[PDB]
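Quick reminder, even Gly has a Cβ in these numbers, built from the backbone with ideal geometry, and neighbours come from all protein chains shown. Please treat every number below as a calculation from the coordinates, not as lab data.
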Amino acid sequence: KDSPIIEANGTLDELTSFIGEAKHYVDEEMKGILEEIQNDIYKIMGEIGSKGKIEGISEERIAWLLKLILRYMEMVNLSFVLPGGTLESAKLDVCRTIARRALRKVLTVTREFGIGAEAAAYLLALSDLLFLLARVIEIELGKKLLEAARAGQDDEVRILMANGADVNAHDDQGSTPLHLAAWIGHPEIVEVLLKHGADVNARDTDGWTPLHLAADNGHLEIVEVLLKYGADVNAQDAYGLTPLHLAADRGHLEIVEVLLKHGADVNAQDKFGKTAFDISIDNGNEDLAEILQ
Amino acid sequence: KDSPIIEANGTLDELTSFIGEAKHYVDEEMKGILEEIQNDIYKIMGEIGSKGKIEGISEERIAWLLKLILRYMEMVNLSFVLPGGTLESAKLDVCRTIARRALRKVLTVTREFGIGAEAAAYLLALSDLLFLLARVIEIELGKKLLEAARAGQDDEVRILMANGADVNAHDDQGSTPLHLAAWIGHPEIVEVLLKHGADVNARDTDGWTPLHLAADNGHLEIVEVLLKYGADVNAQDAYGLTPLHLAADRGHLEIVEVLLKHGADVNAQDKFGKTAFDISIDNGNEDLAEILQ
Amino acid sequence: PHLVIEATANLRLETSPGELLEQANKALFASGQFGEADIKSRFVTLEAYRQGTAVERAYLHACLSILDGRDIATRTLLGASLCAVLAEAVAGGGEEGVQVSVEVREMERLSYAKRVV
Amino acid sequence: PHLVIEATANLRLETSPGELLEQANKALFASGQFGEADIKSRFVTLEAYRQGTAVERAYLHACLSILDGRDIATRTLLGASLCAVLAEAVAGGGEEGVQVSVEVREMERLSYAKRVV
Amino acid sequence: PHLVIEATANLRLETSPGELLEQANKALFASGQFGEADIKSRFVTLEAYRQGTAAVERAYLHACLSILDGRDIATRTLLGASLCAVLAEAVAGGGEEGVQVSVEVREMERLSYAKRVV
Amino acid sequence: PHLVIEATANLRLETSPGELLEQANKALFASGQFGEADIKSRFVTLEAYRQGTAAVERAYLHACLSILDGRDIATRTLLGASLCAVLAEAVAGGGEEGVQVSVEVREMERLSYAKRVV
């Protein structure tokens, strides 16, 4: 009954208790994973409390964590983010920090008693897994917000962000929930996302902003809104096109009028050498050419 | 202002905060109990922070815990369970582990300052009471799941299990939510419980599985489902009867046909010496005797 | 563990000494510190006694002997627990209040001998 | 970090030495302890070897050399991580089970020299 | 003392492995720490190697000097720096980028160390 | 434990590399410190090497025994001496002068040690 032993066990007890809470906020797979972890923690406590007399977790348990880590690692592609992006991920971040406190206590025991090194390695791997699990949850709420925007569900969109979904999440194609609303034609979604910090000038993999999408697809009302919240009316994509070149080529005159009122440059050249006006001339569009000059 | 004093107070303060949270997840009785405890913890801090100059909790407060412990102790009849069986019980397990951390700090102070021994005894009893209270909550969710299964409400049983109710909880008679669904005759329930891990071959105090209940009570649809999920078609109860002996004796021919198709042994003898066939003969049942031979 | 309960002859109990011993053993077992079969208690009535020097007085004292290894909270709680059981067992005795007390002591584990016959 | 993997000539791998080294480097990088470009490993086949004295036997051993500063949990996890990867890479060899082991050691940081040409 | 020099097969040197070993031995002897005849070094070419996980062509050069214990930090550090300078100069190139040159210096337990002369 | 024996290419042995490894393993087992099946040794011939800075041709033989920590100084010292006897007797000649034979015994960190059987 040396303090390092008691404190390590007590802290592990604290750890599994928080895990016991967290597993009520996660899906079936993570729930099962956390329960196996609770079993491992109990197994570890048996080793520590008996000063290594009782065998603890096996190397297969460490490898078991590692396999899960490798699985979830390829799902996570971090900038730096603050802990607790969502209510659910917050639960895991709390478990992570407790696990770290548990590791320090168990590591102290190992250093002083020469036992539990495998358990310490396990707990170390555990912390890494817990980190990822939290990030994966945030990515998944991100994906559900993208889905809501793509589907056109105005309430889902509000709900997802209220629960912690990142308004600036993006799909494999670089499109954010704001790009999705701008392309599809849902002004109400465009508005609530801008309101909660969506980057009006985010670029997708084609170099397009939500304004390029809205301008190209004839979404006049959305174009107006994007400009109000600071869209760069002269943002150029990968090929040098501005939302004006796109609106011009499509013949969307009302949008052209809006773009020009906000300082769009009718004489801007893309990487091919074409200007918005020259395009109205190439397409034989006499009315557009009047608006652009 | 010695660290052991400051840390003891700070940790007890931390303990009170978690209790303050937990009391919003419990019923009125436990809420009142937790509030009295919050007052006692404050009282204890008064003693510690003043180095014994201010009186702490009285012996009546220790006895007060003990009475509650004795009351709830007879409600708890442990196998080993993982912490946080339900969301509600998880909240208390968290308080329990914190209380133990608080105890360690107070014990350090007692050894160094000679004060707080009564407070330490109180906190020790507290951690025991918190343990029991958490288990009682899990037992109660267990009992509500038993009720849901008996009622036949497919939503209740999902909800109770989703919130942490033990699918293998049992009443004083050994019947689990799965036995109740098989005995009462709710095919929807027997199915969802099996789906969430109910032990298809759990025995009640008569040695009966859910299949024995179904076979005896004419529940043809239930028998089919239980066998699909691995019920032992030839399981014997305390008296040596199989579900086939029960279905045969009751004259439930459609069930007898189902049991036989899954390998039921028509020549098995119970402890009296009777086989399912001999029973069809003793009752004068010409049609049953045919399917059994 | 070994528990001894001594009471003055003039001390009146609510229940028989037998009931006290059973309750005491339950109180001890409920601590989770002891095996059920391990707990040995006995009760003694004191016929030759004096309290103070000036008066009709009764008293009740128990001494709990345990193997070492338990902390202060455990020993303190065990004492308070027994005092609760013992105090409630007192109906009266003497011409004044009855003192009820419990001490907990530790036995040296290393020199301890035991067999089962 | 510097990782050396040595295998008996009679040891059969599921994958090529190259693939094993790549997997080992991934296992190391996934630890978050190392810069990707710094992870250097090599594999050697042992042609002249004996295990014990009595038998057809194969073995696989690796030594991971890192700059000091990591704790026991980190070194232990790194060893277990590599051993798992290496063990799973063994298809057979010899007439009995194959021993797969990994050691982790620390290099003195203060005397350590490095340049890029 | 014992010195091991390992180079990737795709690493180009300005000199032969022999010349490098000779220069390395001279660099060690010049330290005043060693008897000339005792300096034992070898060079190994690595055929099966990987640096990192990226699909990029890389070459590296590594040495480890093993000495009996008893020398201080400045000596071990200087010996390392000395060898690294020699090795670094011998590198012509290799792979598609810069070549990492590193040297370790470690100590052998003197008390358990055994030696014979045949 | 793991034993490595390195010899210069110009070093002549009285026995084959294999026989030396077998004798070394026997010497190690005879210590009572090791399980028979646990002793892993390998022998390497050095083709690119230099000893000292002089033009005189030299041969050398070196081994390092790797064990899990826990043995005392007398054991590590005796193991070294024991292997040296086995190695030294196996040397027939090589180079223009006497052959240096040396053995190191080092300890692995037990706590971080990983092992599996496939």
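Of the numbered conditions (1) surrounded by fewer than 21 Cβ atoms within 10 Å (Cβ to Cβ); (2) within 18 Å of residue B:220 (Cβ to Cβ), residue B:273 fails exactly one; give the number of that condition.
(2)
Looking at A:51, A:43, A:91, which is the one that is in a loop (DSSP other than H, G, I, E, B), out of contact with any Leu (no Cβ under 7 Å at 6 or more places or on another chain) and not hydroxyl-bearing (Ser, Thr, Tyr)?
A:51
If the requirement is being more than 30 Å from residue A:110 (Cβ to Cβ) and in contact with a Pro (Cβ under 6 Å, 6 or more places away or on another chain), which of these qualifies: F:48, F:7, F:30?
Only one candidate qualifies: F:48.
Do the conditions hold for residue F:55, that is, is it within 14 Å of chain E (Cβ to nearest Cβ) and either in a helix (DSSP H, G or I) or surrounded by fewer than 23 Cβ atoms within 10 Å (Cβ to Cβ) (or both)?
yes
When you check residue B:158 against the structure, is it outside any helix (DSSP H, G or I), over 30 Å from residue B:98 (Cβ atoms) and of a type outside the set (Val, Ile, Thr), yes or no?
no
Name the residue, out of A:99, A:120, that is in a helix (DSSP H, G or I), within 14 Å of chain D (Cβ to nearest Cβ) and either closer than 16 Å to residue D:70 by Cα or of a type in the set (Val, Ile, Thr) (or both).
The conditions single out A:120.
Suppose we filter region D:1-23 for residues that are surrounded by fewer than 20 Cβ atoms within 10 Å (Cβ to Cβ), more than 27 Å from residue F:34 (Cα to Cα) and among the aliphatic types (A, V, I, L, M); how many remain?
Qualifying residue count for the region: 1.
Which number in (1) within 14 Å of another protein chain (Cβ to nearest Cβ); (2) closer than 22 Å to residue B:110 by Cβ; (3) crowded, with 18+ Cβ neighbours inside 10 Å marks the one condition that residue C:66 misses?
For residue C:66, the failing item is (1).
Scan region F:1-26 and report the pairs whose first residue is within 9 Å of chain D (Cβ to nearest Cβ) and whose second residue is basic (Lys, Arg) and part of a helix (DSSP H, G or I), with Cβ atoms within less than 9 Å and a gap of 6+ or a chain change.
Between residues of region F:1-26 that are within 9 Å of chain D (Cβ to nearest Cβ) and residues that are basic (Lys, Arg) and part of a helix (DSSP H, G or I), there is no close pair.
State the number of residues belonging to region A:93-116 that are of a type in the set (A, V, I, L, M, F, W, C) and touching a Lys or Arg at 6+ places or on another chain (Cβ under 9 Å).
Selection size over region A:93-116: 3.
Would you mind listing the strands (runs of 3 or more DSSP E) fully within region C:28-114 where at least 2 residues are in contact with a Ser or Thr (Cβ under 8 Å, 6 or more places away or on another chain) and basic (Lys, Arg)?
none
Take the residues in region E:58-71 that are more than 12 Å from chain F (Cβ to nearest Cβ) and part of a loop (DSSP other than H, G, I, E, B), then tell me which one is nearest to residue D:115 (Cα to Cα). Working first, answer last.
Filtering region E:58-71 down to residues more than 12 Å from chain F (Cβ to nearest Cβ) leaves E:58-63, E:65, E:70-71.
Now restrict to residues that are part of a loop (DSSP other than H, G, I, E, B): E:59, E:70-71.
Values: E:59: 13, E:70: 27, E:71: 24 Å.
Taking the candidates together, the pick is E:59.
List pairs: first residue in region C:87-108 and among the polar types (S, T, N, Q), second residue not in a strand (DSSP E or B) anywhere in the structure, Cβ distance under 9 angstrom, at least six positions apart or on different chains.
C:99/C:51; C:99/C:58; C:101/C:79; C:101/C:83; C:101/C:86
Could you tell me whether any residue of region B:138-145 is of a type in the set (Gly, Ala, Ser) and within 12 Å of chain A (Cβ to nearest Cβ)?
No, region B:138-145 contains no residue that is of a type in the set (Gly, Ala, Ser) and within 12 Å of chain A (Cβ to nearest Cβ).
Of the residues that make up region E:38-49, is at least one more than 21 Å from residue F:48 (Cα to Cα) and not acidic (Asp, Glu)?
no
Taking residue A:70, is it within 14 Å of chain D (Cβ to nearest Cβ) and within 16 Å of residue A:31 (Cα to Cα)?
Considered against the rule, which asks whether it is within 14 Å of chain D (Cβ to nearest Cβ) and within 16 Å of residue A:31 (Cα to Cα), residue A:70 comes out as no.
Which one of D:40, D:26 is buried (at least 22 other Cβ atoms within 10 Å of the Cβ), of a type in the set (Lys, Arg) and over 19 Å from residue F:5 (Cβ atoms)?
That would be D:40, the only listed residue that is buried (at least 22 other Cβ atoms within 10 Å of the Cβ), of a type in the set (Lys, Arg) and over 19 Å from residue F:5 (Cβ atoms).
Please give the number of the condition residue A:44 fails out of (1) closer than 25 Å to residue B:130 by Cβ; (2) within 12 Å of chain B (Cβ to nearest Cβ).
So the condition that residue A:44 fails would be (2).
Restricting to region F:79-105, and then to whatever is assigned to a strand (DSSP E or B) and more than 7 Å from every other protein chain (Cβ to nearest Cβ), can you tell me which residue is surrounded by the fewest Cβ atoms within 10 Å (Cβ to Cβ)?
For region F:79-105, the residue satisfying everything is F:92.
Any chance region F:32-40 includes a residue that's part of a strand (DSSP E or B) and within 19 Å of residue D:59 (Cβ to Cβ)?
yes
Does any residue of region B:89-97 turn out to be among the hydrophobic types (A, V, I, L, M, F, W, C) and under 29 Å from residue B:52 (Cα atoms)?
Within region B:89-97 (the criterion being among the hydrophobic types (A, V, I, L, M, F, W, C) and under 29 Å from residue B:52 (Cα atoms)), the answer is yes, since at least one residue qualifies.
Looking only at region B:186-238, filter to residues that are part of a loop (DSSP other than H, G, I, E, B) and of a type in the set (A, V, I, L, M); which one of those is farthest from the chain's Cα centre (by Cα)?
Within region B:186-238, the subset part of a loop (DSSP other than H, G, I, E, B) is B:186, B:196-209, B:217-219, B:229-238.
This time we only want the ones that are of a type in the set (A, V, I, L, M), so: B:198, B:200, B:202, B:231, B:233, B:235, B:238.
On the way: B:198: 13, B:200: 17, B:202: 14, B:231: 23, B:233: 27, B:235: 25, B:238: 24 Å.
Result: B:233.
Only residues in region A:57-84 that are surrounded by fewer than 16 Cβ atoms within 10 Å (Cβ to Cβ) count as the first member; pair them with residues that are of a type in the set (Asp, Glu), Cβ under 7 angstrom, at least 6 apart or cross-chain, and list the lot.
Correct list of pairs: A:83/A:93.
Go through C:35, C:52 for me and flag whichever is over 15 Å from the mean Cα position of the chain (by Cα) and on the phi > 0 side of the Ramachandran plot.
The unique qualifying residue is C:52.
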